[PDB]
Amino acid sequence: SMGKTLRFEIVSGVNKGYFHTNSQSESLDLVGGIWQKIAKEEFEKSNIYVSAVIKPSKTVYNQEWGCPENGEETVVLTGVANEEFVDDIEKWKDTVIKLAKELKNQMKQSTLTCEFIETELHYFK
């Protein structure tokens, strides 16, 4: 049940220009599919499968720097290191960083953020 651990949160654009998607639902499928693919690959190499909860969102920033009025379509990916499956937090933390950089590449992103946050996880099973 109880355990002090890490959660991650990744924010990424959806590059509608490159992928030609027109709805948020399409962008969520795009990013979900890409994550499913690269997490699987990395799982078959390290036996660490990093799941992700993904939410659609909009990022609001300066219109002078090219943000559309009221914000730009983005996706947020979150996940947590469950010590029932994760034996080393550092190996997991390095795997997340690896997947973050690969997601940035697959999504053709100029920038991407990956945060880690200390969290106390309760897992009911």
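For clarity, a rigid core is taken as the largest C-alpha set superposing within 1.5 Å between two forms. Note that residue numbering begins at 1 and tracks the sequence as displayed.
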20-28 against 108-116 - segment lying farther from this form in 5 other deposited structures of this protein (CA RMS, rigid core fit): 20-28
Comparing against the shown form in 5 other deposited structures of this protein, which stretch has the larger RMS C-alpha deviation after a rigid core superposition, 81-89 or 61-69? 61-69
Please work out which of 80-88 and 50-58 has the higher mean CA B-factor as recorded in the PDB entry. 80-88
Tell me which stretch has the larger mean Cα B-factor in this entry, 71-79 or 41-49. 41-49
Within this chain, which third does the Cα B-factor at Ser25 fall in: lowest, middle or highest? highest
